[PDB]
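For reference, the structure discussed in these notes is given below.
Read the numbers this way: they start at 1 and go in the same order the structure lists the ligands and their atoms. Letters A, B, ... mirror the listed sequences (proteins, then strands); counts begin at 1. Values below: every heavy atom of this structure, side chains too, minus hydrogens, waters and symmetry copies.
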Protein chains: 2
Amino acid sequence: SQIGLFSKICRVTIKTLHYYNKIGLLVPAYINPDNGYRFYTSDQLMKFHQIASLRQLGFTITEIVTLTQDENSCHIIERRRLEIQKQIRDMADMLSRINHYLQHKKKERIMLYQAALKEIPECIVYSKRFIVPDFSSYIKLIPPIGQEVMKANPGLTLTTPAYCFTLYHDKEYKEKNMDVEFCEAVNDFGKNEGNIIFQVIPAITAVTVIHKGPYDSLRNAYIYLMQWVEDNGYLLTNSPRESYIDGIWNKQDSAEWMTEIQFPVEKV
Amino acid sequence: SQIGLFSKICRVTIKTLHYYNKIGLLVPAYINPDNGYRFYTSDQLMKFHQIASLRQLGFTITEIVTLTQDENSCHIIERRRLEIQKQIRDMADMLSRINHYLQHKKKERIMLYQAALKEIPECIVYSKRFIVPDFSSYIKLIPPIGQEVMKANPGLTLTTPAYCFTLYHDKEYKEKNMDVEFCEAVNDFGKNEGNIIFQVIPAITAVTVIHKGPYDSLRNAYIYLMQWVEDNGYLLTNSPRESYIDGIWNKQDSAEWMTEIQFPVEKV
Ligand code: 118
Ligand code: 118
């Protein structure tokens, strides 16, 4: 049986048989020496059936080679099974994210706020945890901290890139009684003089949105991130962070400012 | 911000930014014309945020290069959603098949049979449906009936490959007096003669199991397929076929006879 007849018996392409002969998965029963013509046999079909049976389970080709040439490989079927359930979990996550994306696109004609899930590494910060009378007043006590720390900690170099964020320890929304905590990432440890203390913040997987524009429409992004959290079955594991990437310090226009809100979450 | 600092901001590889600038998505703000250095801005951070948000949803990159500038394209999200739904339903199918595979290596010391789905196209066959008392007389009675057909039908030529098979139109287990229907695919219509008629047998999806060995143990393959159909959440749609690939016509030793059982099946 030539390769054209075998490809019609097997209902597979000829190039598939060429590839399987090249890699050594399915070798023809007899190859004509002068022409090169591959000839196949029923005993090759009995093996192509096994190849197809394994390949329909999503096994990679090299896994199929290992399974059919070397027996007692029950660890490879377990690896493929665990990977299949992991991919199923990831696929359910992706499905929820794309359903949410369509309900939002069908909600507002322009999408102002995309949501991205990113992992934040561990870091060394100096932090001051304090009760703030108003969000407008929160901005006032930060530049005092910025000069005082550089005067009190000489040669202290902030990391690059600059991770300067806020920990919202409030489990509910309020305007005037915010128990907030100002953090700023630094390269190495230091002295803990004053109300400013040093600490490490654990690496977290967090869903983040970057808000461009003034600080009054941030409630939109928070409700959106909360909406994302309720829609996609995540649970808030830690306090939300507020990372100030660009602001009045690089650019004078207040509507081009940008900050990224991070929601530490786990899928539950 | 040079490509290294920006790549540290986004926690992404420099090769990713190089590739992106190559394909046109996320071109940097300023390309130094002297040395080719790529400099980035926070506006590229905002473009990359949504790039990564779509990439985390499964969209291919060439889908992203249309999705992020032709913002009104909305069919590509329900399209990606239906595509992911098809992939998840297949992954869940594969998961049931691998757990079943594992159960079978627990049940039997050897994976003697290996099931595999295949699509059997529609075909014009000559068919004779009747009741037979046993297997020995049925096996003996087939070849004279074939000589009768191939002689009495001038111009009738067999199909390449040679698909000769049987259907079992019973509903309960009959070891004897089995309402069997023999068919053999022909390239074109011949005229009916007596109890043998011609018809076109519809294209089906079927699970298949090859049995290399004597004929008195093909019932085991059916048992395996029945367990496979009941376990893996499948349903027998039509009468189970049995295709004769190799037999008394090509080889004289019974221990190397290879026959393939086909169960027309659909998933629940
Ligand atoms: C210590 C030192 C600098 C800043 Sb800032 C800032 C950030 C958020 C809200 C208000 C101010 C800063 C600068 C670069 C990168 C990230 C943050 C700052 C610097 C100069 C002038 C005004 C403000 C804060 C603490
Ligand atoms: C018409 C009907 C049946 C057979 Sb065959 C057979 C031949 C070639 C390829 C496939 C099948 C047969 C039997 C004895 C001698 C010569 C040919 C046949 C036998 C048993 C069961 C099914 C088919 C041949 C023509």
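Taking the six-membered ring where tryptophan is involved, the planes of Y20(B) and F48(B) are tilted, since the angle between them lies from 30° to 60°. By the 30° and 60° cut-offs, the orientation of the rings of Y244(B) relative to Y215(B) is perpendicular.
You'll find the side chain of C183(B) reaches within 4.5 Å of the side chain of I201(B), heavy atoms only. The side-chain heavy atoms of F6(A) and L17(A), taken from C-beta on, include a pair separated by under 4.5 Å.
The structure places OG1 of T205(A) at 10.5 Å from NZ of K118(A), a figure rounded to the nearest 0.5 Å.
Residue-ligand proximity, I142(A) to ligand 1, at heavy-atom distances under 4.0 Å covers atoms 24 (C), 25 (C). Near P143(B), the atoms of ligand 2 lying under 4.0 angstrom from a non-hydrogen atom of the residue are 13 (C), 14 (C).
Contacts of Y126(B) with ligand 2, taken as heavy-atom pairs under 4.0 Å, involve the side chain alone.
When atom types are taken as modelled, the side chain of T13(B) and the backbone of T16(B) share a donor-acceptor pair closer than 3.5 angstrom.
The nearest protein atom to atom 24 (C) of ligand 2, hydrogens excluded, is given as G146(B) CA, 4.9 Å; this is a heavy-atom distance. From the protein, the heavy atom lying nearest to atom 25 (C) of ligand 1 is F182(A) CZ, 3.5 Å. When hydrogens are left out, the protein atom nearest atom 4 (C) of ligand 1 is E184(A) OE1, 4.4 Å; that is the closest non-hydrogen contact.
Comparing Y244(A), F165(A), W249(A) by heavy-atom distance to atom 11 (C) of ligand 1, the nearest is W249(A).
A salt bridge links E256(B) to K212(B): one of the charged nitrogens lies within less than 4.0 Å of a carboxylate oxygen.
At least one heavy atom of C164(B) lies less than 4.0 angstrom from ligand 2.
Under the 4.0 angstrom criterion, atom 18 (C) of ligand 2 counts as having a protein heavy-atom contact.
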